[PDB]
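**Q** PDB, C-alpha atoms and all ligand atoms, file run-v2.pdb:
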```pdb
ATOM      1  CA  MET K   1     -38.459-169.794 -81.143  1.00  0.00           C
ATOM      2  CA  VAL K   2     -36.582-171.136 -78.135  1.00  0.00           C
ATOM      3  CA  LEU K   3     -33.060-170.536 -76.880  1.00  0.00           C
ATOM      4  CA  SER K   4     -31.060-173.344 -75.297  1.00  0.00           C
ATOM      5  CA  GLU K   5     -29.726-173.001 -71.753  1.00  0.00           C
ATOM      6  CA  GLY K   6     -26.291-172.474 -73.291  1.00  0.00           C
ATOM      7  CA  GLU K   7     -27.498-169.489 -75.292  1.00  0.00           C
ATOM      8  CA  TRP K   8     -29.187-167.970 -72.239  1.00  0.00           C
ATOM      9  CA  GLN K   9     -25.947-168.378 -70.292  1.00  0.00           C
ATOM     10  CA  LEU K  10     -24.039-166.376 -72.927  1.00  0.00           C
ATOM     11  CA  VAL K  11     -26.688-163.649 -72.810  1.00  0.00           C
ATOM     12  CA  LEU K  12     -26.763-163.452 -69.026  1.00  0.00           C
ATOM     13  CA  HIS K  13     -22.969-163.562 -68.742  1.00  0.00           C
ATOM     14  CA  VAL K  14     -22.457-160.397 -70.798  1.00  0.00           C
ATOM     15  CA  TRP K  15     -25.493-158.758 -69.206  1.00  0.00           C
ATOM     16  CA  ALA K  16     -23.820-159.204 -65.815  1.00  0.00           C
ATOM     17  CA  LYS K  17     -21.049-156.943 -67.153  1.00  0.00           C
ATOM     18  CA  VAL K  18     -23.586-154.378 -68.322  1.00  0.00           C
ATOM     19  CA  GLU K  19     -25.127-154.343 -64.844  1.00  0.00           C
ATOM     20  CA  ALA K  20     -21.793-153.181 -63.417  1.00  0.00           C
ATOM     21  CA  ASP K  21     -22.697-149.768 -64.894  1.00  0.00           C
ATOM     22  CA  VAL K  22     -26.315-149.562 -66.026  1.00  0.00           C
ATOM     23  CA  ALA K  23     -26.402-145.756 -66.315  1.00  0.00           C
ATOM     24  CA  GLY K  24     -23.274-145.682 -68.471  1.00  0.00           C
ATOM     25  CA  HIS K  25     -24.528-148.390 -70.816  1.00  0.00           C
ATOM     26  CA  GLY K  26     -27.916-146.696 -71.017  1.00  0.00           C
ATOM     27  CA  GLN K  27     -26.348-143.442 -72.209  1.00  0.00           C
ATOM     28  CA  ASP K  28     -24.183-145.078 -74.893  1.00  0.00           C
ATOM     29  CA  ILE K  29     -27.141-147.039 -76.208  1.00  0.00           C
ATOM     30  CA  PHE K  30     -29.536-144.102 -76.504  1.00  0.00           C
ATOM     31  CA  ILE K  31     -26.902-141.782 -77.946  1.00  0.00           C
ATOM     32  CA  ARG K  32     -26.072-144.460 -80.529  1.00  0.00           C
ATOM     33  CA  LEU K  33     -29.777-144.892 -81.317  1.00  0.00           C
ATOM     34  CA  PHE K  34     -30.464-141.156 -81.653  1.00  0.00           C
ATOM     35  CA  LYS K  35     -27.363-140.594 -83.784  1.00  0.00           C
ATOM     36  CA  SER K  36     -27.855-143.581 -86.091  1.00  0.00           C
ATOM     37  CA  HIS K  37     -31.631-143.185 -86.440  1.00  0.00           C
ATOM     38  CA  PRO K  38     -32.559-139.515 -85.710  1.00  0.00           C
ATOM     39  CA  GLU K  39     -36.224-140.174 -86.487  1.00  0.00           C
ATOM     40  CA  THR K  40     -36.504-142.153 -83.246  1.00  0.00           C
ATOM     41  CA  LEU K  41     -35.679-139.015 -81.256  1.00  0.00           C
ATOM     42  CA  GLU K  42     -38.928-137.461 -82.482  1.00  0.00           C
ATOM     43  CA  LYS K  43     -40.838-140.048 -80.451  1.00  0.00           C
ATOM     44  CA  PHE K  44     -39.606-138.599 -77.138  1.00  0.00           C
ATOM     45  CA  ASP K  45     -41.258-135.261 -76.324  1.00  0.00           C
ATOM     46  CA  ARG K  46     -38.955-135.006 -73.296  1.00  0.00           C
ATOM     47  CA  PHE K  47     -35.770-135.293 -75.374  1.00  0.00           C
ATOM     48  CA  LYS K  48     -36.568-134.189 -78.931  1.00  0.00           C
ATOM     49  CA  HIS K  49     -34.963-130.798 -78.256  1.00  0.00           C
ATOM     50  CA  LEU K  50     -31.483-132.279 -77.734  1.00  0.00           C
ATOM     51  CA  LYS K  51     -29.280-131.073 -80.602  1.00  0.00           C
ATOM     52  CA  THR K  52     -25.851-132.597 -79.962  1.00  0.00           C
ATOM     53  CA  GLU K  53     -24.213-135.654 -78.419  1.00  0.00           C
ATOM     54  CA  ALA K  54     -22.757-133.287 -75.851  1.00  0.00           C
ATOM     55  CA  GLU K  55     -26.267-132.222 -74.843  1.00  0.00           C
ATOM     56  CA  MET K  56     -27.393-135.851 -74.683  1.00  0.00           C
ATOM     57  CA  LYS K  57     -24.489-136.864 -72.435  1.00  0.00           C
ATOM     58  CA  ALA K  58     -25.239-133.924 -70.137  1.00  0.00           C
ATOM     59  CA  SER K  59     -28.948-134.703 -69.777  1.00  0.00           C
ATOM     60  CA  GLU K  60     -29.750-136.031 -66.325  1.00  0.00           C
ATOM     61  CA  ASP K  61     -33.267-137.010 -67.414  1.00  0.00           C
ATOM     62  CA  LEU K  62     -31.922-139.010 -70.356  1.00  0.00           C
ATOM     63  CA  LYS K  63     -29.508-140.906 -68.108  1.00  0.00           C
ATOM     64  CA  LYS K  64     -32.308-141.748 -65.672  1.00  0.00           C
ATOM     65  CA  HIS K  65     -34.501-142.910 -68.562  1.00  0.00           C
ATOM     66  CA  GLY K  66     -31.740-145.178 -69.815  1.00  0.00           C
ATOM     67  CA  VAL K  67     -31.520-146.866 -66.420  1.00  0.00           C
ATOM     68  CA  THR K  68     -35.279-147.422 -66.398  1.00  0.00           C
ATOM     69  CA  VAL K  69     -35.226-148.975 -69.869  1.00  0.00           C
ATOM     70  CA  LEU K  70     -32.222-151.250 -69.282  1.00  0.00           C
ATOM     71  CA  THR K  71     -33.574-152.401 -65.924  1.00  0.00           C
ATOM     72  CA  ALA K  72     -36.842-153.466 -67.594  1.00  0.00           C
ATOM     73  CA  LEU K  73     -34.971-155.200 -70.422  1.00  0.00           C
ATOM     74  CA  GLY K  74     -32.802-156.944 -67.851  1.00  0.00           C
ATOM     75  CA  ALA K  75     -35.816-158.238 -65.932  1.00  0.00           C
ATOM     76  CA  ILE K  76     -37.150-159.746 -69.158  1.00  0.00           C
ATOM     77  CA  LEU K  77     -33.847-161.380 -70.156  1.00  0.00           C
ATOM     78  CA  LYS K  78     -33.514-162.984 -66.716  1.00  0.00           C
ATOM     79  CA  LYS K  79     -36.875-164.739 -67.176  1.00  0.00           C
ATOM     80  CA  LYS K  80     -35.188-166.696 -69.975  1.00  0.00           C
ATOM     81  CA  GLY K  81     -38.253-166.797 -72.187  1.00  0.00           C
ATOM     82  CA  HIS K  82     -40.962-166.924 -69.502  1.00  0.00           C
ATOM     83  CA  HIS K  83     -41.658-163.201 -69.797  1.00  0.00           C
ATOM     84  CA  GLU K  84     -45.394-163.063 -70.587  1.00  0.00           C
ATOM     85  CA  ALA K  85     -46.201-160.984 -67.477  1.00  0.00           C
ATOM     86  CA  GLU K  86     -43.371-158.486 -68.001  1.00  0.00           C
ATOM     87  CA  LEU K  87     -44.307-157.994 -71.661  1.00  0.00           C
ATOM     88  CA  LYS K  88     -47.980-157.099 -71.126  1.00  0.00           C
ATOM     89  CA  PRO K  89     -47.609-153.575 -69.685  1.00  0.00           C
ATOM     90  CA  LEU K  90     -44.608-152.819 -71.891  1.00  0.00           C
ATOM     91  CA  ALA K  91     -46.444-153.789 -75.070  1.00  0.00           C
ATOM     92  CA  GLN K  92     -49.497-151.745 -74.069  1.00  0.00           C
ATOM     93  CA  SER K  93     -47.624-148.522 -73.310  1.00  0.00           C
ATOM     94  CA  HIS K  94     -45.478-148.693 -76.449  1.00  0.00           C
ATOM     95  CA  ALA K  95     -48.304-149.605 -78.781  1.00  0.00           C
ATOM     96  CA  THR K  96     -51.043-147.414 -77.313  1.00  0.00           C
ATOM     97  CA  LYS K  97     -49.342-144.492 -75.592  1.00  0.00           C
ATOM     98  CA  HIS K  98     -45.975-144.055 -77.312  1.00  0.00           C
ATOM     99  CA  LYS K  99     -46.847-145.696 -80.658  1.00  0.00           C
ATOM    100  CA  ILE K 100     -43.522-147.400 -81.365  1.00  0.00           C
ATOM    101  CA  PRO K 101     -43.217-149.384 -84.635  1.00  0.00           C
ATOM    102  CA  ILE K 102     -41.538-152.807 -84.529  1.00  0.00           C
ATOM    103  CA  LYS K 103     -39.013-151.219 -86.886  1.00  0.00           C
ATOM    104  CA  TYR K 104     -37.823-148.933 -84.091  1.00  0.00           C
ATOM    105  CA  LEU K 105     -37.420-151.905 -81.748  1.00  0.00           C
ATOM    106  CA  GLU K 106     -35.088-153.334 -84.379  1.00  0.00           C
ATOM    107  CA  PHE K 107     -33.089-150.082 -84.335  1.00  0.00           C
ATOM    108  CA  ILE K 108     -32.577-150.132 -80.566  1.00  0.00           C
ATOM    109  CA  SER K 109     -31.645-153.825 -80.729  1.00  0.00           C
ATOM    110  CA  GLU K 110     -28.895-152.849 -83.174  1.00  0.00           C
ATOM    111  CA  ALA K 111     -27.733-150.090 -80.829  1.00  0.00           C
ATOM    112  CA  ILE K 112     -27.560-152.561 -77.936  1.00  0.00           C
ATOM    113  CA  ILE K 113     -25.528-155.068 -79.937  1.00  0.00           C
ATOM    114  CA  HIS K 114     -23.212-152.267 -81.153  1.00  0.00           C
ATOM    115  CA  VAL K 115     -22.525-151.029 -77.620  1.00  0.00           C
ATOM    116  CA  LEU K 116     -21.946-154.524 -76.197  1.00  0.00           C
ATOM    117  CA  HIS K 117     -19.560-155.275 -79.063  1.00  0.00           C
ATOM    118  CA  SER K 118     -17.623-152.064 -78.332  1.00  0.00           C
ATOM    119  CA  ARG K 119     -17.519-152.382 -74.545  1.00  0.00           C
ATOM    120  CA  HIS K 120     -17.230-156.145 -74.052  1.00  0.00           C
ATOM    121  CA  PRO K 121     -15.389-157.752 -77.009  1.00  0.00           C
ATOM    122  CA  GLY K 122     -13.957-160.452 -74.743  1.00  0.00           C
ATOM    123  CA  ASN K 123     -17.446-161.522 -73.670  1.00  0.00           C
ATOM    124  CA  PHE K 124     -19.216-160.736 -76.919  1.00  0.00           C
ATOM    125  CA  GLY K 125     -17.639-162.971 -79.534  1.00  0.00           C
ATOM    126  CA  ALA K 126     -19.548-164.396 -82.516  1.00  0.00           C
ATOM    127  CA  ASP K 127     -21.400-167.024 -80.473  1.00  0.00           C
ATOM    128  CA  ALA K 128     -22.365-164.618 -77.689  1.00  0.00           C
ATOM    129  CA  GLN K 129     -23.604-162.019 -80.201  1.00  0.00           C
ATOM    130  CA  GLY K 130     -25.649-164.699 -81.920  1.00  0.00           C
ATOM    131  CA  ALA K 131     -27.187-165.621 -78.577  1.00  0.00           C
ATOM    132  CA  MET K 132     -28.001-161.972 -77.778  1.00  0.00           C
ATOM    133  CA  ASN K 133     -29.505-161.415 -81.220  1.00  0.00           C
ATOM    134  CA  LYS K 134     -31.665-164.500 -80.734  1.00  0.00           C
ATOM    135  CA  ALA K 135     -32.872-163.249 -77.349  1.00  0.00           C
ATOM    136  CA  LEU K 136     -33.724-159.849 -78.833  1.00  0.00           C
ATOM    137  CA  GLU K 137     -35.489-161.402 -81.830  1.00  0.00           C
ATOM    138  CA  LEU K 138     -37.590-163.497 -79.420  1.00  0.00           C
ATOM    139  CA  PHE K 139     -38.384-160.326 -77.482  1.00  0.00           C
ATOM    140  CA  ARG K 140     -39.427-158.483 -80.663  1.00  0.00           C
ATOM    141  CA  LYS K 141     -41.421-161.494 -81.910  1.00  0.00           C
ATOM    142  CA  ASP K 142     -43.442-161.706 -78.694  1.00  0.00           C
ATOM    143  CA  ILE K 143     -43.920-157.926 -78.453  1.00  0.00           C
ATOM    144  CA  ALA K 144     -45.120-157.977 -82.067  1.00  0.00           C
ATOM    145  CA  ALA K 145     -47.660-160.691 -81.239  1.00  0.00           C
ATOM    146  CA  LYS K 146     -48.987-158.570 -78.354  1.00  0.00           C
ATOM    147  CA  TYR K 147     -49.146-155.481 -80.589  1.00  0.00           C
ATOM    148  CA  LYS K 148     -51.563-157.322 -82.874  1.00  0.00           C
ATOM    149  CA  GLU K 149     -53.736-158.506 -79.984  1.00  0.00           C
ATOM    150  CA  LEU K 150     -53.853-154.914 -78.717  1.00  0.00           C
ATOM    151  CA  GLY K 151     -54.881-153.585 -82.129  1.00  0.00           C
ATOM    152  CA  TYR K 152     -51.635-151.913 -83.200  1.00  0.00           C
ATOM    153  CA  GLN K 153     -50.005-153.009 -86.461  1.00  0.00           C
ATOM    154  CA  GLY K 154     -46.937-150.768 -86.297  1.00  0.00           C
TER     155      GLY K 154
HETATM  156  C1  LIG K 201     -35.543-152.540 -75.661  1.00  0.00           C
HETATM  157  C2  LIG K 201     -36.921-152.118 -75.833  1.00  0.00           C
HETATM  158  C3  LIG K 201     -37.504-151.164 -75.015  1.00  0.00           C
HETATM  159  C4  LIG K 201     -37.763-151.281 -73.693  1.00  0.00           C
HETATM  160  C5  LIG K 201     -37.464-152.487 -72.809  1.00  0.00           C
HETATM  161  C6  LIG K 201     -38.414-150.051 -73.289  1.00  0.00           C
HETATM  162  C7  LIG K 201     -38.800-149.774 -72.002  1.00  0.00           C
HETATM  163  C8  LIG K 201     -39.411-148.616 -71.585  1.00  0.00           C
HETATM  164  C9  LIG K 201     -39.821-148.362 -70.217  1.00  0.00           C
HETATM  165  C10 LIG K 201     -39.724-149.327 -69.048  1.00  0.00           C
HETATM  166  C11 LIG K 201     -40.382-147.135 -70.206  1.00  0.00           C
HETATM  167  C12 LIG K 201     -41.079-146.461 -69.026  1.00  0.00           C
HETATM  168  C13 LIG K 201     -42.458-147.058 -68.714  1.00  0.00           C
HETATM  169  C14 LIG K 201     -43.413-147.023 -69.909  1.00  0.00           C
HETATM  170  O1  LIG K 201     -43.702-145.919 -70.417  1.00  0.00           O
HETATM  171  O2  LIG K 201     -43.877-148.102 -70.339  1.00  0.00           O
HETATM  172  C15 LIG K 201     -40.310-146.643 -71.570  1.00  0.00           C
HETATM  173  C16 LIG K 201     -40.797-145.419 -71.976  1.00  0.00           C
HETATM  174  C17 LIG K 201     -40.777-144.954 -73.273  1.00  0.00           C
HETATM  175  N1  LIG K 201     -40.287-145.664 -74.349  1.00  0.00           N
HETATM  176 FE1  LIG K 201     -39.450-147.433 -74.357  1.00  0.00          FE
HETATM  177  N2  LIG K 201     -38.576-149.189 -74.352  1.00  0.00           N
HETATM  178  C18 LIG K 201     -38.008-149.864 -75.415  1.00  0.00           C
HETATM  179  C19 LIG K 201     -37.903-149.354 -76.690  1.00  0.00           C
HETATM  180  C20 LIG K 201     -38.372-148.119 -77.086  1.00  0.00           C
HETATM  181  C21 LIG K 201     -38.161-147.559 -78.402  1.00  0.00           C
HETATM  182  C22 LIG K 201     -37.306-148.155 -79.512  1.00  0.00           C
HETATM  183  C23 LIG K 201     -38.792-146.360 -78.417  1.00  0.00           C
HETATM  184  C24 LIG K 201     -38.934-145.498 -79.499  1.00  0.00           C
HETATM  185  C25 LIG K 201     -37.799-144.899 -80.168  1.00  0.00           C
HETATM  186  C26 LIG K 201     -39.356-146.183 -77.095  1.00  0.00           C
HETATM  187  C27 LIG K 201     -40.036-145.062 -76.695  1.00  0.00           C
HETATM  188  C28 LIG K 201     -40.471-144.812 -75.415  1.00  0.00           C
HETATM  189  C29 LIG K 201     -41.090-143.572 -75.005  1.00  0.00           C
HETATM  190  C30 LIG K 201     -41.465-142.402 -75.901  1.00  0.00           C
HETATM  191  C31 LIG K 201     -41.252-143.650 -73.674  1.00  0.00           C
HETATM  192  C32 LIG K 201     -41.694-142.527 -72.763  1.00  0.00           C
HETATM  193  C33 LIG K 201     -40.526-141.688 -72.286  1.00  0.00           C
HETATM  194  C34 LIG K 201     -40.964-140.553 -71.388  1.00  0.00           C
HETATM  195  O3  LIG K 201     -41.639-139.629 -71.884  1.00  0.00           O
HETATM  196  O4  LIG K 201     -40.640-140.592 -70.188  1.00  0.00           O
HETATM  197  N3  LIG K 201     -39.076-147.256 -76.274  1.00  0.00           N
HETATM  198  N4  LIG K 201     -39.722-147.563 -72.414  1.00  0.00           N
END
```
Starting from the coordinates I provided, produce the structure as structure tokens.
Ligand code: HEM

**A**
Amino acid sequence: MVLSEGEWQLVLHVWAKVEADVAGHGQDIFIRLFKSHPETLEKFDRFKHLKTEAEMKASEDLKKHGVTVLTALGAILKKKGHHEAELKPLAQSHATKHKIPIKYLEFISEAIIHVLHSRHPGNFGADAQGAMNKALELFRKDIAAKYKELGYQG
């Protein structure tokens, strides 16, 4: 699949807002993910002990992790589709070291959309959300293709 320049512009416009506070967006996204799909928390040995949202918000390590994840996702989005190089190491670590099913990538994509919708309604209308969903589906499609090449079905 391919996004038009117009769709990329909608994606990058709202992402520019996210970049005004990466750490804050990272926390909301992971808390949303862990609360909506608790099973995903079991994949993080470093955070699986967190019991409440209060504990999650207070975790310095979780906040730092969120910045690392969003920064990588941002680098990929800014390539506007030409992200083959950025995807390689990401796909290998998540398929071989962390063992993350495509299903879980769908869950975090939902968390991202939810948080952007909550925080940036003025820059995340129907068209912009459609553009973001398309960019995330492209991301998941390409990561899935790499998973297969690497020998991981998940
Ligand atoms: C938006 C998609 C995602 C991106 C861009 C992303 C990015 C990253 C990055 C950059 C790291 C650190 C470097 C590395 O280990 O490769 C990381 C670590 C990790 N990711 Fe992801 N990730 C994504 C989705 C997920 C999902 C959905 C899970 C599973 C619920 C997951 C589980 C992990 C784990 C377990 C680690 C190691 C954390 C640690 O022990 O420090 N990731 N991810």

**Q** For the atom pair CA of residue 108 (chain K) and atom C2 of ligand LIG 201 (chain K), what is the interatomic distance in Å to one decimal place?

**A**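 We find that CA of residue 108 (chain K) and atom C2 of ligand LIG 201 (chain K) lie 6.7 Å from each other.
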
**Q** List all protein, DNA and RNA residues that have at least one atom no more than 10 Å from any atom of ligand LIG 201 (chain K), counting all atoms listed in the file, and write them as a short mmCIF file (atom, residue, chain, number, x, y, z; two decimals) with C-alpha atoms, in the coordinates of the input.

**A**
```
data_model
loop_
_atom_site.label_atom_id
_atom_site.label_comp_id
_atom_site.auth_asym_id
_atom_site.auth_seq_id
_atom_site.Cartn_x
_atom_site.Cartn_y
_atom_site.Cartn_z
CA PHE K 30 -29.54 -144.10 -76.50
CA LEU K 33 -29.78 -144.89 -81.32
CA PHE K 34 -30.46 -141.16 -81.65
CA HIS K 37 -31.63 -143.18 -86.44
CA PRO K 38 -32.56 -139.51 -85.71
CA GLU K 39 -36.22 -140.17 -86.49
CA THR K 40 -36.50 -142.15 -83.25
CA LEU K 41 -35.68 -139.01 -81.26
CA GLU K 42 -38.93 -137.46 -82.48
CA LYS K 43 -40.84 -140.05 -80.45
CA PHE K 44 -39.61 -138.60 -77.14
CA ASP K 45 -41.26 -135.26 -76.32
CA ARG K 46 -38.96 -135.01 -73.30
CA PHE K 47 -35.77 -135.29 -75.37
CA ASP K 61 -33.27 -137.01 -67.41
CA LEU K 62 -31.92 -139.01 -70.36
CA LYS K 64 -32.31 -141.75 -65.67
CA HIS K 65 -34.50 -142.91 -68.56
CA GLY K 66 -31.74 -145.18 -69.82
CA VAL K 67 -31.52 -146.87 -66.42
CA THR K 68 -35.28 -147.42 -66.40
CA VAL K 69 -35.23 -148.98 -69.87
CA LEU K 70 -32.22 -151.25 -69.28
CA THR K 71 -33.57 -152.40 -65.92
CA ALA K 72 -36.84 -153.47 -67.59
CA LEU K 73 -34.97 -155.20 -70.42
CA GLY K 74 -32.80 -156.94 -67.85
CA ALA K 75 -35.82 -158.24 -65.93
CA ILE K 76 -37.15 -159.75 -69.16
CA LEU K 77 -33.85 -161.38 -70.16
CA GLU K 86 -43.37 -158.49 -68.00
CA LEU K 87 -44.31 -157.99 -71.66
CA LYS K 88 -47.98 -157.10 -71.13
CA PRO K 89 -47.61 -153.57 -69.68
CA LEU K 90 -44.61 -152.82 -71.89
CA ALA K 91 -46.44 -153.79 -75.07
CA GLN K 92 -49.50 -151.74 -74.07
CA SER K 93 -47.62 -148.52 -73.31
CA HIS K 94 -45.48 -148.69 -76.45
CA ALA K 95 -48.30 -149.60 -78.78
CA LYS K 97 -49.34 -144.49 -75.59
CA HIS K 98 -45.98 -144.06 -77.31
CA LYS K 99 -46.85 -145.70 -80.66
CA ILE K 100 -43.52 -147.40 -81.36
CA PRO K 101 -43.22 -149.38 -84.64
CA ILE K 102 -41.54 -152.81 -84.53
CA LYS K 103 -39.01 -151.22 -86.89
CA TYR K 104 -37.82 -148.93 -84.09
CA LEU K 105 -37.42 -151.90 -81.75
CA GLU K 106 -35.09 -153.33 -84.38
CA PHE K 107 -33.09 -150.08 -84.34
CA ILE K 108 -32.58 -150.13 -80.57
CA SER K 109 -31.64 -153.82 -80.73
CA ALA K 111 -27.73 -150.09 -80.83
CA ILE K 112 -27.56 -152.56 -77.94
CA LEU K 136 -33.72 -159.85 -78.83
CA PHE K 139 -38.38 -160.33 -77.48
CA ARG K 140 -39.43 -158.48 -80.66
CA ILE K 143 -43.92 -157.93 -78.45
#
```

**Q** Name the residues captured by the PyMOL selection byres (((chain K and resi 153) around 9) and not hetatm) when it is applied to the shown file; answer as a PyMOL selection string.

**A** chain K and resi 95+101-102+144+147-148+150-152+154

**Q** Based on the selection just made, write C-alpha atoms of those residues as a compact mmCIF listing (two decimals), in the frame of the given file.

**A**
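part-v4.txt was written with the following content:
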```txt
# COMPACT_ATOMS: atom_id res chain seq x y z
CA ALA K 95 -48.30 -149.60 -78.78
CA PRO K 101 -43.22 -149.38 -84.64
CA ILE K 102 -41.54 -152.81 -84.53
CA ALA K 144 -45.12 -157.98 -82.07
CA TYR K 147 -49.15 -155.48 -80.59
CA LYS K 148 -51.56 -157.32 -82.87
CA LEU K 150 -53.85 -154.91 -78.72
CA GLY K 151 -54.88 -153.58 -82.13
CA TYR K 152 -51.64 -151.91 -83.20
CA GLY K 154 -46.94 -150.77 -86.30
```

**Q** So, with only C-alpha atoms as the atoms that count, which of K:25, K:134, K:146, K:13 lies closest to residue 81 (chain K)?

**A**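 Among the listed residues, the smallest separation from residue 81 (chain K) belongs to K:134.
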
**Q** Within 10 Å of (-26.5, -168.8, -72.5) (file coordinates; only C-alpha atoms), which protein or nucleic acid residues are there? I'd like them as a list in words.

**A**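 Residues found, by chain and rising number: residues 3, 4, 5, 6, 7, 8, 9, 10, 11, 12, 13, 14, 80, 127, 128, 131, 132 and 135 of chain K.
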
**Q** Mind dumping the selected residues with C-alpha atoms as a compact mmCIF listing (two decimals), keeping the file's coordinate frame?

**A**
```txt
# COMPACT_ATOMS: atom_id res chain seq x y z
CA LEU K 3 -33.06 -170.54 -76.88
CA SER K 4 -31.06 -173.34 -75.30
CA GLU K 5 -29.73 -173.00 -71.75
CA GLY K 6 -26.29 -172.47 -73.29
CA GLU K 7 -27.50 -169.49 -75.29
CA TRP K 8 -29.19 -167.97 -72.24
CA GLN K 9 -25.95 -168.38 -70.29
CA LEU K 10 -24.04 -166.38 -72.93
CA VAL K 11 -26.69 -163.65 -72.81
CA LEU K 12 -26.76 -163.45 -69.03
CA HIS K 13 -22.97 -163.56 -68.74
CA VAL K 14 -22.46 -160.40 -70.80
CA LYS K 80 -35.19 -166.70 -69.97
CA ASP K 127 -21.40 -167.02 -80.47
CA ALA K 128 -22.36 -164.62 -77.69
CA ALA K 131 -27.19 -165.62 -78.58
CA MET K 132 -28.00 -161.97 -77.78
CA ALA K 135 -32.87 -163.25 -77.35
```

**Q** Hey, what's within 9 Å of residue 1 (chain K) if we count only C-alpha atoms and toss same-chain stuff fewer than 5 positions away? As a ChimeraX atom specification, please?

**A** /K:134,137-138,141

**Q** Measure the distance from CA of residue 84 (chain K) to CA of residue 15 (chain K) in Å and round it to one decimal.

**A**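 Distance reported for this atom pair: 20.4 Å.
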
**Q** Edge lengths and centre in Å to one decimal, as AutoDock Vina command-line options, is what I'm after for the box along x, y and z that holds all listed atoms of region 5-19 of chain K once 8 Å is added on each side.

**A**
```
--center_x -25.4 --center_y -163.7 --center_z -70.1 --size_x 24.7 --size_y 34.7 --size_z 26.4
```

**Q** Between CA of residue 52 (chain K) and CA of residue 31 (chain K), what is the distance in Å, rounded to a tenth?

**A**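 Between CA of residue 52 (chain K) and CA of residue 31 (chain K) the gap is 9.5 Å.
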
**Q** Using only C-alpha atoms, pick whichever of K:27, K:32, K:83, K:113 has the shortest atom-to-atom distance to residue 58 (chain K).

**A** K:27

**Q** Compare K:149, K:35, K:82, K:126 by their minimum atom-to-atom distance to residue 51 (chain K), counting all atoms listed in the file, and give me the closest one.

**A**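 Among the listed residues, the smallest separation from residue 51 (chain K) belongs to K:35.
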